[PDB]
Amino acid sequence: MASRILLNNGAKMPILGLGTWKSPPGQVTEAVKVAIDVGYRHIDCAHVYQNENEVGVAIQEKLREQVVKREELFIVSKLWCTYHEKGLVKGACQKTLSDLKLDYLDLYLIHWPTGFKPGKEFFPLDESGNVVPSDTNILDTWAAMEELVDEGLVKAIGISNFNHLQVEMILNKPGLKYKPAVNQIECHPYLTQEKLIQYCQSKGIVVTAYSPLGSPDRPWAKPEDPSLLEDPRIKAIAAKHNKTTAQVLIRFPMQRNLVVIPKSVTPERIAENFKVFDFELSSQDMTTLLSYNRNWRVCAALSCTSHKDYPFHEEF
């Protein structure tokens, strides 16, 4: 298992990174510090997570301690939906850079294909409970992302939560300057993403699997929802390897040539979750885990189902 995957800009992206959604500001600094100590080099961030300042504190400390240098880190962030207007993209990226205390990102993603009404609220809703969209489109937002590469603010650009037709839109764009390097999508045994992964990989786009543990901390979880970490069939695979269920769930996407970004703020779990380069899942294990697909999404953006660019009406 090589620890990095080559992107279309010649850079190498660590296949195991630390997620930071719902890592509270009061805990994320320690989380990132520990992660860096134990070998994480890739950190997945976003302005919408409201903790980039505190991620930045951790990175700054570890740079100053001489634990890592900047070139060894792979820092990812994402353009939030309220900043899809071409005139807002650079300022949104620069806010992220200022909070992270960095002068470039290794990768900057369009967080969702859906643009929302610009304003202070991250999720502007109307009386029907539906999001208020913006008059933005994928191709113009992409052109604004491209300018960030041209200006040296980001080394690579990509997308997140795009369906294959939305990816195709960018790929077919007249005058395209940079292909998306990465599509970051939800992926785990209950949402195995065979078709979208095959599509992206065939196009030279690296896939990053988010919510690989099934995001048990997600805010809209219901008591009846499937729970991957507690699935006894996965516990059984883990026991056979003398590993934890999380370790199996992290190794699974790695063996599909995906990048994976498990989130924790708990130091012991951060360290444990990285110990996935000392075992292999068998063909039977992989097949069994793939067979658990139920097309069950934890991140279905249910307030956005009427947005013109909602990604999940399409099969993939």
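Numbering starts at 1 and follows the sequence shown.
J.: With reference to the PDB entry, specify whether the mean Cα temperature factor is higher for 218-226 or for 72-80.
T.: Comparing 218-226 with 72-80, the higher average CA B-factor belongs to 218-226.
J.: Which of the two stretches, 245-253 or 63-71, shows the higher mean Cα temperature factor in the record?
T.: Result: 63-71.
J.: If I read the C-alpha B-factors straight from the PDB entry, which of 213, 207, 234, 89 is highest?
T.: That would be 234, according to the entry.
J.: From the list 186, 146, 85, 121, select the residue with the highest C-alpha B factor recorded in the entry.
T.: The C-alpha B-factor peaks, among 186, 146, 85, 121, at 121.
J.: Using the temperature factors of the C-alpha atoms in this entry, rank residue 20 within its chain: lowest, middle or highest third.
T.: Answer is lowest: the recorded C-alpha B-factor places it there.
J.: Sorting the chain's modelled residues by C-alpha B-factor, tell me whether residue 291 ends up in the lowest, middle or highest third.
T.: Within its chain, residue 291 is a highest-third residue by C-alpha B-factor, going by the deposited values.
J.: By the recorded C-alpha temperature factor, relative to the other modelled residues in its chain, which third is residue 262 in?
T.: For residue 262, whose C-alpha B-factor we compare with every modelled residue in the chain, the answer is the lowest third.
J.: Taking the chain's C-alpha temperature factors as the reference, tell me which third residue 297 falls into: lowest, middle or highest.
T.: Ranked within chain, residue 297 CA B lands in the highest tercile.
J.: Test of reading the entry: by CA B factor among the chain's modelled residues, which third contains residue 113?
T.: Answer is lowest: the recorded C-alpha B-factor places it there.
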